[PDB]
>>> print(open('structure.cif').read())   # mmCIF, C-alpha atoms and all ligand atoms
data_structure
loop_
_atom_site.label_atom_id
_atom_site.label_comp_id
_atom_site.auth_asym_id
_atom_site.auth_seq_id
_atom_site.Cartn_x
_atom_site.Cartn_y
_atom_site.Cartn_z
CA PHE N 82 85.15 106.17 114.66
CA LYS N 83 84.70 109.93 113.99
CA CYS N 84 86.25 111.82 111.02
CA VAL N 85 88.71 114.33 112.52
CA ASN N 86 90.70 115.44 109.39
CA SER N 87 91.26 115.27 105.59
CA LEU N 88 93.86 116.53 103.04
CA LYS N 89 94.66 116.43 99.30
CA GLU N 90 98.08 115.70 97.71
CA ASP N 91 99.11 118.27 95.01
CA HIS N 92 99.83 115.64 92.26
CA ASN N 93 95.99 114.93 92.01
CA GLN N 94 96.73 111.29 90.95
CA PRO N 95 95.19 108.17 92.60
CA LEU N 96 96.75 106.99 95.91
CA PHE N 97 97.14 103.12 95.74
CA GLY N 98 98.82 102.39 99.05
CA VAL N 99 98.85 103.44 102.72
CA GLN N 100 100.86 101.86 105.60
CA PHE N 101 101.29 102.97 109.25
CA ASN N 102 104.73 102.16 110.76
CA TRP N 103 104.13 99.44 113.37
CA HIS N 104 107.83 99.21 114.39
CA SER N 105 107.74 102.50 116.51
CA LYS N 106 107.80 102.45 120.43
CA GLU N 107 104.87 103.65 122.67
CA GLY N 108 104.94 107.46 123.02
CA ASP N 109 107.05 107.82 119.83
CA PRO N 110 105.78 109.62 116.61
CA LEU N 111 102.74 107.98 114.87
CA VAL N 112 103.88 107.83 111.22
CA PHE N 113 102.30 106.54 107.96
CA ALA N 114 103.40 106.38 104.31
CA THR N 115 101.20 107.06 101.22
CA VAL N 116 102.10 105.95 97.63
CA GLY N 117 100.69 107.32 94.35
CA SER N 118 102.16 108.62 91.04
CA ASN N 119 106.03 108.70 91.30
CA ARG N 120 105.78 109.80 94.96
CA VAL N 121 106.24 108.36 98.48
CA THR N 122 105.03 110.75 101.25
CA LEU N 123 105.50 110.57 105.08
CA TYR N 124 102.99 112.01 107.58
CA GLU N 125 102.89 112.33 111.39
CA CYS N 126 99.58 111.90 113.35
CA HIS N 127 99.23 114.39 116.23
CA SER N 128 96.60 115.31 118.87
CA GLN N 129 93.28 117.08 117.91
CA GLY N 130 93.32 115.31 114.49
CA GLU N 131 96.43 117.16 113.18
CA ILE N 132 98.22 115.50 110.19
CA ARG N 133 101.74 116.93 109.74
CA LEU N 134 103.70 116.37 106.49
CA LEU N 135 107.23 115.07 107.26
CA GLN N 136 108.90 114.30 103.92
CA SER N 137 108.42 113.37 100.26
CA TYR N 138 110.37 111.08 97.90
CA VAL N 139 109.85 112.01 94.21
CA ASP N 140 111.22 109.37 91.82
CA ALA N 141 113.67 110.49 89.06
CA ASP N 142 111.37 108.68 86.55
CA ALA N 143 108.24 110.82 85.99
CA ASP N 144 106.46 107.80 84.37
CA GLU N 145 106.97 105.48 87.43
CA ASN N 146 103.71 104.55 89.25
CA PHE N 147 104.07 103.28 92.86
CA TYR N 148 101.47 100.55 93.61
CA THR N 149 102.77 99.34 97.05
CA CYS N 150 104.86 100.03 100.20
CA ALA N 151 106.05 98.08 103.29
CA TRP N 152 107.88 99.05 106.50
CA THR N 153 110.89 97.20 108.12
CA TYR N 154 113.77 97.90 110.48
CA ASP N 155 117.54 97.45 110.32
CA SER N 156 118.23 94.28 112.44
CA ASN N 157 121.42 95.92 113.92
CA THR N 158 120.19 99.47 114.79
CA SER N 159 116.32 98.98 114.95
CA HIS N 160 116.00 102.11 112.71
CA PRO N 161 112.98 102.13 110.32
CA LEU N 162 113.28 101.43 106.57
CA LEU N 163 110.59 101.67 103.84
CA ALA N 164 110.33 99.54 100.66
CA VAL N 165 108.36 100.88 97.63
CA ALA N 166 107.53 99.47 94.13
CA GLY N 167 105.21 99.78 91.11
CA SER N 168 104.93 99.76 87.25
CA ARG N 169 108.73 99.89 86.61
CA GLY N 170 109.19 96.63 88.56
CA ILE N 171 112.08 98.08 90.63
CA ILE N 172 112.17 97.70 94.48
CA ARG N 173 113.57 100.83 96.23
CA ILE N 174 114.68 100.91 99.88
CA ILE N 175 114.19 104.38 101.42
CA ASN N 176 115.71 105.88 104.65
CA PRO N 177 112.58 107.61 106.20
CA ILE N 178 114.84 110.19 108.01
CA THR N 179 116.48 111.67 104.82
CA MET N 180 113.77 110.21 102.40
CA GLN N 181 116.74 109.15 100.18
CA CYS N 182 117.05 105.86 98.19
CA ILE N 183 119.66 103.51 99.98
CA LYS N 184 119.55 100.63 97.42
CA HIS N 185 117.37 99.24 94.63
CA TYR N 186 116.52 95.68 93.28
CA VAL N 187 115.94 94.80 89.60
CA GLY N 188 114.74 91.40 88.40
CA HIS N 189 110.96 91.07 87.94
CA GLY N 190 110.03 91.20 84.24
CA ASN N 191 107.02 93.50 84.81
CA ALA N 192 105.23 95.64 87.50
CA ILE N 193 105.25 94.84 91.26
CA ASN N 194 101.72 94.63 92.72
CA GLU N 195 102.61 94.01 96.42
CA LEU N 196 105.57 93.98 98.85
CA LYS N 197 105.54 92.10 102.23
CA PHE N 198 108.24 91.76 104.89
CA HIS N 199 108.64 88.42 106.80
CA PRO N 200 107.02 88.60 110.31
CA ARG N 201 110.13 87.29 112.14
CA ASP N 202 113.02 88.17 109.76
CA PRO N 203 113.16 91.92 108.89
CA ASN N 204 115.59 91.22 105.99
CA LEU N 205 113.28 88.88 104.07
CA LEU N 206 111.16 90.78 101.50
CA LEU N 207 108.51 89.24 99.23
CA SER N 208 107.36 90.78 95.91
CA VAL N 209 104.36 89.76 93.68
CA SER N 210 104.51 90.57 89.97
CA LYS N 211 102.61 90.87 86.64
CA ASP N 212 105.35 88.49 85.23
CA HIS N 213 103.37 85.59 87.03
CA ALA N 214 105.98 85.05 89.77
CA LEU N 215 106.68 85.84 93.42
CA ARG N 216 110.28 86.65 94.56
CA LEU N 217 111.96 86.36 97.99
CA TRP N 218 114.85 88.76 98.70
CA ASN N 219 117.44 89.06 101.49
CA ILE N 220 117.90 92.88 101.79
CA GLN N 221 120.93 92.53 104.20
CA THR N 222 123.11 90.56 101.70
CA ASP N 223 121.30 91.88 98.51
CA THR N 224 120.40 88.37 97.24
CA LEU N 225 117.44 86.80 95.44
CA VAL N 226 116.63 83.76 97.67
CA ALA N 227 113.93 82.19 95.45
CA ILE N 228 111.52 82.60 92.56
CA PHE N 229 107.99 81.11 93.11
CA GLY N 230 106.39 80.31 89.79
CA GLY N 231 106.70 78.46 86.52
CA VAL N 232 105.05 75.21 85.37
CA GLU N 233 102.51 74.88 88.24
CA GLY N 234 102.65 78.52 89.36
CA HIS N 235 100.28 81.38 88.54
CA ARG N 236 99.25 81.56 84.82
CA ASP N 237 98.41 85.28 84.89
CA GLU N 238 99.48 88.39 86.94
CA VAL N 239 99.90 87.93 90.72
CA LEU N 240 97.98 90.64 92.67
CA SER N 241 98.52 89.80 96.38
CA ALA N 242 100.45 87.60 98.87
CA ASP N 243 100.61 87.14 102.68
CA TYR N 244 102.81 85.31 105.19
CA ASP N 245 101.17 83.37 108.10
CA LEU N 246 101.66 84.36 111.81
CA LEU N 247 105.21 82.86 112.00
CA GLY N 248 106.26 83.25 108.34
CA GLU N 249 106.39 79.44 107.68
CA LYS N 250 104.07 79.71 104.61
CA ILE N 251 102.85 82.19 101.95
CA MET N 252 99.38 82.32 100.26
CA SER N 253 99.32 84.12 96.86
CA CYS N 254 96.42 85.11 94.52
CA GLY N 255 95.89 86.70 91.08
CA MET N 256 94.10 87.23 87.73
CA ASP N 257 94.06 83.41 87.10
CA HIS N 258 91.32 83.21 89.91
CA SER N 259 93.53 80.83 91.92
CA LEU N 260 94.87 80.98 95.52
CA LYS N 261 98.28 79.17 95.84
CA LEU N 262 100.13 78.02 98.97
CA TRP N 263 103.93 78.02 99.21
CA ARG N 264 105.73 76.44 102.25
CA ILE N 265 109.00 78.26 103.19
CA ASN N 266 109.75 76.09 106.34
CA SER N 267 110.90 73.18 104.11
CA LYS N 268 114.54 71.93 104.31
CA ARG N 269 115.21 73.41 100.81
CA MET N 270 113.89 76.87 101.80
CA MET N 271 115.45 76.94 105.28
CA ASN N 272 118.82 76.06 103.72
CA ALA N 273 118.45 78.62 100.86
CA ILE N 274 117.67 81.35 103.51
CA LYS N 275 120.69 80.23 105.62
CA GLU N 276 122.95 80.25 102.52
CA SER N 277 121.77 83.75 101.43
CA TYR N 278 123.25 85.08 104.74
CA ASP N 279 126.68 83.53 103.95
CA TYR N 280 126.86 85.07 100.49
CA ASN N 281 129.32 87.90 99.72
CA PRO N 282 130.45 88.78 96.07
CA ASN N 283 133.69 90.19 97.53
CA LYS N 284 134.92 86.77 98.78
CA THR N 285 133.85 84.71 95.63
CA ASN N 286 133.81 85.16 91.74
CA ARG N 287 130.59 83.01 91.36
CA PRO N 288 127.02 84.46 91.70
CA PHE N 289 124.39 83.46 94.28
CA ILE N 290 122.10 80.77 92.94
CA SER N 291 118.45 81.30 93.71
CA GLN N 292 115.96 78.45 94.18
CA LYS N 293 113.58 78.08 91.23
CA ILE N 294 110.36 76.76 92.94
CA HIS N 295 108.00 75.43 90.16
CA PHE N 296 105.34 73.71 92.33
CA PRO N 297 102.98 75.17 95.03
CA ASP N 298 101.93 73.18 98.18
CA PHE N 299 98.12 73.70 97.52
CA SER N 300 96.02 75.40 94.78
CA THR N 301 92.27 76.26 94.37
CA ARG N 302 90.06 78.08 91.79
CA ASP N 303 86.78 77.37 93.71
CA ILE N 304 86.55 80.46 96.01
CA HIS N 305 86.08 83.31 93.48
CA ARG N 306 85.03 83.57 89.77
CA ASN N 307 87.03 86.78 88.86
CA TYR N 308 90.44 88.44 89.71
CA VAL N 309 91.53 87.64 93.37
CA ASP N 310 93.10 91.03 94.33
CA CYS N 311 93.56 90.67 98.16
CA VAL N 312 94.51 87.76 100.47
CA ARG N 313 95.28 87.68 104.21
CA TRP N 314 95.83 84.91 106.81
CA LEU N 315 93.65 84.86 109.98
CA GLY N 316 95.36 82.16 112.02
CA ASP N 317 95.18 78.95 109.92
CA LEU N 318 92.22 80.46 107.91
CA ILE N 319 92.24 82.60 104.76
CA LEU N 320 90.33 85.83 104.00
CA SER N 321 90.27 86.69 100.29
CA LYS N 322 88.24 88.93 97.97
CA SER N 323 87.48 89.41 94.25
CA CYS N 324 85.39 92.25 92.70
CA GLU N 325 82.12 90.26 93.43
CA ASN N 326 81.10 92.31 96.60
CA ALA N 327 82.26 89.76 99.30
CA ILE N 328 85.31 88.83 101.47
CA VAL N 329 85.32 85.00 101.80
CA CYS N 330 86.61 83.18 104.94
CA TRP N 331 87.80 79.70 103.95
CA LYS N 332 90.42 76.96 104.56
CA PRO N 333 92.06 74.23 102.37
CA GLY N 334 90.68 70.66 102.74
CA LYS N 335 87.71 69.49 104.85
CA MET N 336 86.40 71.01 108.17
CA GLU N 337 88.63 68.90 110.53
CA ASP N 338 91.73 68.97 108.20
CA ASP N 339 94.94 70.56 109.68
CA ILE N 340 96.75 73.05 107.43
CA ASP N 341 100.19 71.37 108.01
CA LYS N 342 98.68 67.93 107.02
CA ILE N 343 97.27 69.27 103.65
CA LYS N 344 98.91 67.49 100.61
CA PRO N 345 99.60 69.36 97.25
CA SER N 346 96.88 67.14 95.59
CA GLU N 347 94.07 68.41 97.95
CA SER N 348 90.91 68.98 95.80
CA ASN N 349 88.60 70.23 98.62
CA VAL N 350 88.05 73.67 100.27
CA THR N 351 85.70 74.65 103.19
CA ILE N 352 83.84 78.04 103.15
CA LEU N 353 83.52 79.20 106.77
CA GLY N 354 81.96 82.67 106.33
CA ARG N 355 81.22 85.65 104.01
CA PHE N 356 81.64 89.44 104.64
CA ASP N 357 79.01 90.99 102.28
CA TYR N 358 78.96 94.64 101.07
CA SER N 359 78.03 96.98 98.14
CA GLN N 360 79.59 99.18 95.39
CA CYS N 361 83.10 97.57 95.40
CA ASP N 362 82.86 95.73 92.03
CA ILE N 363 85.99 97.30 90.48
CA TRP N 364 89.51 95.75 90.26
CA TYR N 365 92.37 96.79 92.66
CA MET N 366 90.70 97.44 96.10
CA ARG N 367 92.44 96.17 99.31
CA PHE N 368 91.04 95.10 102.69
CA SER N 369 93.08 95.47 105.91
CA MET N 370 93.28 94.09 109.44
CA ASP N 371 94.70 95.89 112.52
CA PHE N 372 97.92 94.56 114.17
CA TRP N 373 95.98 92.36 116.68
CA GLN N 374 93.64 90.94 113.92
CA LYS N 375 90.53 92.08 115.94
CA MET N 376 89.27 94.52 113.20
CA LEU N 377 88.65 94.39 109.43
CA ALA N 378 88.32 97.45 107.11
CA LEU N 379 87.41 97.89 103.39
CA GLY N 380 86.71 101.00 101.34
CA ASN N 381 84.19 101.00 98.43
CA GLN N 382 84.23 102.81 94.98
CA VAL N 383 81.99 105.76 96.16
CA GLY N 384 83.97 106.75 99.34
CA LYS N 385 82.29 104.62 102.04
CA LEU N 386 84.38 102.75 104.64
CA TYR N 387 83.18 99.41 106.06
CA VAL N 388 84.52 98.23 109.46
CA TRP N 389 83.85 94.77 111.03
CA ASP N 390 84.72 93.58 114.59
CA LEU N 391 86.19 90.01 114.23
CA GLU N 392 85.82 89.42 118.06
CA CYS N 401 79.33 95.94 110.03
CA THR N 402 79.69 99.75 110.56
CA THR N 403 79.71 102.31 107.71
CA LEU N 404 81.87 105.47 107.93
CA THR N 405 80.83 108.29 105.56
CA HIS N 406 81.64 111.98 105.00
CA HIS N 407 79.69 114.23 102.57
CA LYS N 408 83.05 115.45 101.01
CA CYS N 409 84.35 111.85 100.55
CA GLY N 410 83.05 110.54 97.18
CA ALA N 411 86.14 108.92 95.50
CA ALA N 412 87.19 105.17 95.61
CA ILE N 413 89.15 104.10 98.72
CA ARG N 414 92.01 101.92 97.31
CA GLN N 415 93.56 100.96 100.74
CA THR N 416 93.22 101.62 104.52
CA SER N 417 95.66 101.49 107.45
CA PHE N 418 95.05 101.13 111.19
CA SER N 419 97.55 102.68 113.68
CA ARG N 420 99.33 100.01 115.84
CA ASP N 421 96.89 100.62 118.78
CA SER N 422 93.80 100.80 116.39
CA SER N 423 92.86 104.31 117.70
CA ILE N 424 93.35 105.81 114.17
CA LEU N 425 92.22 104.54 110.71
CA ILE N 426 93.61 106.26 107.52
CA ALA N 427 91.89 105.93 104.06
CA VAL N 428 93.46 106.87 100.63
CA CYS N 429 91.49 107.68 97.43
CA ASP N 430 91.50 108.02 93.59
CA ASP N 431 91.34 111.87 93.92
CA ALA N 432 94.70 111.99 95.88
CA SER N 433 92.74 112.57 99.19
CA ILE N 434 93.71 111.20 102.69
CA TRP N 435 91.00 110.70 105.40
CA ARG N 436 91.63 110.43 109.21
CA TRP N 437 89.12 108.58 111.46
CA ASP N 438 89.76 108.42 115.27
CA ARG N 439 88.12 106.11 117.89
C1 LIG A 501 91.90 105.09 88.45
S1 LIG A 501 92.55 104.21 87.08
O1 LIG A 501 93.34 105.12 86.30
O2 LIG A 501 91.48 103.51 86.43
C2 LIG A 501 93.64 103.01 87.79
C3 LIG A 501 93.18 102.18 88.81
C4 LIG A 501 94.02 101.21 89.33
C5 LIG A 501 95.34 101.08 88.88
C6 LIG A 501 96.26 100.11 89.51
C7 LIG A 501 96.32 100.02 90.89
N1 LIG A 501 97.03 99.10 91.61
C8 LIG A 501 97.70 98.18 90.94
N2 LIG A 501 98.45 97.28 91.62
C9 LIG A 501 98.42 97.19 93.07
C10 LIG A 501 97.17 96.51 93.61
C11 LIG A 501 96.92 95.16 93.36
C12 LIG A 501 95.77 94.54 93.87
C13 LIG A 501 94.89 95.24 94.69
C14 LIG A 501 95.14 96.58 94.93
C15 LIG A 501 96.25 97.22 94.39
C16 LIG A 501 96.26 98.67 94.81
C17 LIG A 501 94.99 98.76 95.66
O3 LIG A 501 94.35 97.44 95.66
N3 LIG A 501 97.75 98.22 89.52
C18 LIG A 501 98.33 97.39 88.61
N4 LIG A 501 98.09 97.81 87.40
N5 LIG A 501 97.22 98.90 87.49
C19 LIG A 501 97.06 99.17 88.78
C20 LIG A 501 95.77 101.91 87.84
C21 LIG A 501 94.93 102.86 87.28
#
>>> encode(input="structure.cif", output="structure tokens")
Amino acid sequence: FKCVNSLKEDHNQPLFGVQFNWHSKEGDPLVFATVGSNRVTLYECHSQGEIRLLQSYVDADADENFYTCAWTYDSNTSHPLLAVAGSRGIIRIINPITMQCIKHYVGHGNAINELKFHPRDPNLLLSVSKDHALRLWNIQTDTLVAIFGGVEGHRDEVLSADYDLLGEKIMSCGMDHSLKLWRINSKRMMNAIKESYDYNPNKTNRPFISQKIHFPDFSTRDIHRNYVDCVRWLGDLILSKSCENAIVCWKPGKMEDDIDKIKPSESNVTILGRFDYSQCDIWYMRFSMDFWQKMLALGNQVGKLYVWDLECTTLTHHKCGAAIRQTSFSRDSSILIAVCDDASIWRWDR
């Protein structure tokens, strides 16, 4: 990778999220979203390293802080949609063409730390909150499918979550140091999803009744010793990090144990590998994989970008000194975008 461009956003506030749109066809505009302060900004990637500003959403609340964003598409028209959330704990669905707010979801009792769309169902949106729970929403019928948390759920703020390849299971992590598994391919969850598609408040006077899931399908506190702020599936394996200068590759149970055979009482974990680095000992720093899960990227607190080939390389620029909070690869992995604490955006091309 070579650094081809850089720009600064006028708000001069930290940028906490960056996401390229992976739902666009080949030869169509290369677009990414950045989130920081009360703003959501769209950019187009052109030839010769040109970054063109498309649109900006400025929230009506000046005190709102966006912490996360996720792309989806309307199942009926295949048109892109963008979900954003932060400190207010309100989910907002944006139309990227008009950059106007379509609908909004209220429910979480505190800030939203991450949003993730289901890999097979574009209508299924997952949120992770400071209130200690995870929520599953159906954005087509505007229903809360389930709440993941309670008695045997997270005991402190949830910082990250990820669906597996097919969206049969979720792995969540947080300030309680634990990594918790939640199966969504159970009869209870499959039926709750099916029923959320049959709901309409116009044909009934009774509300939709969400599943209150109190118990996870696996739980460990043996991987990290501080806040677990990023988690991602890599096949049946897990990649997770704390603020202890390492990304750990692990799996529940023993070496030969199948993930779908793991019982909720499983006391063992297997460490498979460790991705070691420096100067990334602060809270709230994400790692990211490309679409094909062939590349891994992580920014550090002094502006350096680490890139590993999963099949280390350091990327540095003398004008890049601020913490890189998140990174995003373009669908084809030809471009890598980095966002910083000083409101700066950095473009690296292969
Ligand atoms: C520069 S400063 O003023 O000291 C500062 C720094 C960080 C935050 C902050 C950021 N992000 C989140 N949540 C999303 C999140 C969660 C896990 C990993 C992760 C992210 C975003 C990147 O990596 N926050 C929740 N409460 N505070 C925050 C606020 C102020």
>>> atom_distance(input="structure.cif", atom1="atom CA of residue 242 of chain N", atom2="atom CA of residue 110 of chain N")
28.8 Å
>>> closest_atom_pairs(input="structure.cif", of="chain N", to="ligand LIG 501 (chain A)", cutoff="6 Å", atoms="only C-alpha atoms and all ligand atoms", output="Markdown table")
| residue | atom | partner | partner_atom | distance |
| --- | --- | --- | --- | --- |
| N:97 | CA | A:LIG501 | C16 | 4.6 |
| N:148 | CA | A:LIG501 | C9 | 4.6 |
| N:194 | CA | A:LIG501 | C9 | 4.2 |
| N:240 | CA | A:LIG501 | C12 | 4.6 |
| N:310 | CA | A:LIG501 | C12 | 4.4 |
| N:311 | CA | A:LIG501 | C13 | 5.9 |
| N:365 | CA | A:LIG501 | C14 | 3.6 |
| N:366 | CA | A:LIG501 | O3 | 3.7 |
| N:367 | CA | A:LIG501 | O3 | 4.3 |
| N:414 | CA | A:LIG501 | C17 | 4.6 |
| N:415 | CA | A:LIG501 | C17 | 5.7 |
| N:430 | CA | A:LIG501 | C1 | 5.9 |
>>> residues_around(input="structure.cif", residues="residue 111 of chain N", least_positions_apart="3", cutoff="9 Å", atoms="only C-alpha atoms", output="PDB file with C-alpha atoms, in the coordinates of the input")
ATOM      1  CA  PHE N 101     101.290 102.970 109.250  1.00  0.00           C
ATOM      2  CA  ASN N 102     104.730 102.160 110.760  1.00  0.00           C
ATOM      3  CA  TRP N 103     104.130  99.440 113.370  1.00  0.00           C
ATOM      4  CA  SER N 105     107.740 102.500 116.510  1.00  0.00           C
ATOM      5  CA  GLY N 108     104.940 107.460 123.020  1.00  0.00           C
ATOM      6  CA  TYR N 124     102.990 112.010 107.580  1.00  0.00           C
ATOM      7  CA  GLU N 125     102.890 112.330 111.390  1.00  0.00           C
ATOM      8  CA  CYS N 126      99.580 111.900 113.350  1.00  0.00           C
ATOM      9  CA  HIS N 127      99.230 114.390 116.230  1.00  0.00           C
ATOM     10  CA  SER N 419      97.550 102.680 113.680  1.00  0.00           C
ATOM     11  CA  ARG N 420      99.330 100.010 115.840  1.00  0.00           C
TER      12      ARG N 420
END
>>> atom_distance(input="structure.cif", atom1="atom CA of residue 211 of chain N", atom2="atom CA of residue 193 of chain N")
6.6 Å
>>> axis_aligned_box(input="structure.cif", around="segment 348-361 of chain N", padding_each_side="6 Å", output="lines of an AutoDock Vina configuration file")
center_x = 84.5
center_y = 84.1
center_z = 101.1
size_x = 24.9
size_y = 42.2
size_z = 23.4
>>> residues_around(input="structure.cif", residues="residue 292 of chain N", least_positions_apart="2", cutoff="9 Å", atoms="all atoms listed in the file", output="ChimeraX atom specification")
/N:225-229,269-270,273,290,294
>>> residues_around(input="structure.cif", residues="segment 315-329 of chain N", least_positions_apart="4", cutoff="9 Å", atoms="only C-alpha atoms", output="PyMOL selection string")
chain N and resi 245-246+252+254+258+260+304-311+333+339-340+352-368+374
>>> residues_near_point(input="structure.cif", point="(93.7, 68.6, 94.5)", cutoff="8 Å", atoms="only C-alpha atoms", output="MDAnalysis selection string")
chainID N and resid 299:301 345:349
>>> closest_residue(input="structure.cif", among="N:338, N:144, N:107, N:249", to="residue 120 of chain N", atoms="all atoms listed in the file")
N:144
>>> atom_distance(input="structure.cif", atom1="atom CA of residue 132 of chain N", atom2="atom CA of residue 431 of chain N")
18.0 Å
>>> closest_residue(input="structure.cif", among="N:413, N:383, N:163, N:220", to="residue 186 of chain N", atoms="only C-alpha atoms")
N:220
>>> residues_around(input="structure.cif", residues="segment 205-207 of chain N", least_positions_apart="5", cutoff="7 Å", atoms="all atoms listed in the file", output="PDB file with C-alpha atoms, in the coordinates of the input")
ATOM      1  CA  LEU N 196     105.570  93.980  98.850  1.00  0.00           C
ATOM      2  CA  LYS N 197     105.540  92.100 102.230  1.00  0.00           C
ATOM      3  CA  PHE N 198     108.240  91.760 104.890  1.00  0.00           C
ATOM      4  CA  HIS N 199     108.640  88.420 106.800  1.00  0.00           C
ATOM      5  CA  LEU N 215     106.680  85.840  93.420  1.00  0.00           C
ATOM      6  CA  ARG N 216     110.280  86.650  94.560  1.00  0.00           C
ATOM      7  CA  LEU N 217     111.960  86.360  97.990  1.00  0.00           C
ATOM      8  CA  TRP N 218     114.850  88.760  98.700  1.00  0.00           C
ATOM      9  CA  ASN N 219     117.440  89.060 101.490  1.00  0.00           C
ATOM     10  CA  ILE N 220     117.900  92.880 101.790  1.00  0.00           C
TER      11      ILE N 220
END
>>> closest_residue(input="structure.cif", among="N:94, N:179, N:136, N:221", to="residue 155 of chain N", atoms="only C-alpha atoms")
N:221
>>> closest_residue(input="structure.cif", among="N:289, N:341, N:421, N:202", to="residue 267 of chain N", atoms="all atoms listed in the file")
N:341
>>> closest_residue(input="structure.cif", among="N:276, N:312, N:426, N:391", to="residue 112 of chain N", atoms="all atoms listed in the file")
N:426
>>> build_atoms(input="structure.cif", residues="segment 197-208 of chain N", atoms="N, CA and C atoms", output="PDB file, in the frame of the given file")
ATOM      1  N   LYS N 197     105.784  92.574 100.855  1.00  0.00           N
ATOM      2  CA  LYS N 197     105.540  92.100 102.230  1.00  0.00           C
ATOM      3  C   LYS N 197     106.817  91.689 102.884  1.00  0.00           C
ATOM      4  N   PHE N 198     107.063  92.171 104.107  1.00  0.00           N
ATOM      5  CA  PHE N 198     108.240  91.760 104.890  1.00  0.00           C
ATOM      6  C   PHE N 198     107.868  90.584 105.799  1.00  0.00           C
ATOM      7  N   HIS N 199     108.794  89.613 105.975  1.00  0.00           N
ATOM      8  CA  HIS N 199     108.640  88.420 106.800  1.00  0.00           C
ATOM      9  C   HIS N 199     108.374  88.809 108.263  1.00  0.00           C
ATOM     10  N   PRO N 200     107.363  88.200 108.925  1.00  0.00           N
ATOM     11  CA  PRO N 200     107.020  88.600 110.310  1.00  0.00           C
ATOM     12  C   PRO N 200     108.083  88.392 111.405  1.00  0.00           C
ATOM     13  N   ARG N 201     109.099  87.558 111.158  1.00  0.00           N
ATOM     14  CA  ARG N 201     110.130  87.290 112.140  1.00  0.00           C
ATOM     15  C   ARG N 201     111.484  87.807 111.683  1.00  0.00           C
ATOM     16  N   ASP N 202     111.747  87.767 110.366  1.00  0.00           N
ATOM     17  CA  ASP N 202     113.020  88.170 109.760  1.00  0.00           C
ATOM     18  C   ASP N 202     112.847  89.487 108.988  1.00  0.00           C
ATOM     19  N   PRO N 203     113.348  90.617 109.552  1.00  0.00           N
ATOM     20  CA  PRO N 203     113.160  91.920 108.890  1.00  0.00           C
ATOM     21  C   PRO N 203     113.861  92.096 107.545  1.00  0.00           C
ATOM     22  N   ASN N 204     114.778  91.184 107.205  1.00  0.00           N
ATOM     23  CA  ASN N 204     115.590  91.220 105.990  1.00  0.00           C
ATOM     24  C   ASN N 204     114.967  90.495 104.816  1.00  0.00           C
ATOM     25  N   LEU N 205     113.959  89.688 105.081  1.00  0.00           N
ATOM     26  CA  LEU N 205     113.280  88.880 104.070  1.00  0.00           C
ATOM     27  C   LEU N 205     112.071  89.603 103.471  1.00  0.00           C
ATOM     28  N   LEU N 206     112.198  90.026 102.204  1.00  0.00           N
ATOM     29  CA  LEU N 206     111.160  90.780 101.500  1.00  0.00           C
ATOM     30  C   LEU N 206     110.569  90.002 100.324  1.00  0.00           C
ATOM     31  N   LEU N 207     109.238  89.922 100.286  1.00  0.00           N
ATOM     32  CA  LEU N 207     108.510  89.240  99.230  1.00  0.00           C
ATOM     33  C   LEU N 207     107.857  90.235  98.248  1.00  0.00           C
ATOM     34  N   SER N 208     108.009  89.990  96.943  1.00  0.00           N
ATOM     35  CA  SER N 208     107.360  90.780  95.910  1.00  0.00           C
ATOM     36  C   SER N 208     106.463  89.881  95.029  1.00  0.00           C
TER      37      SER N 208
END
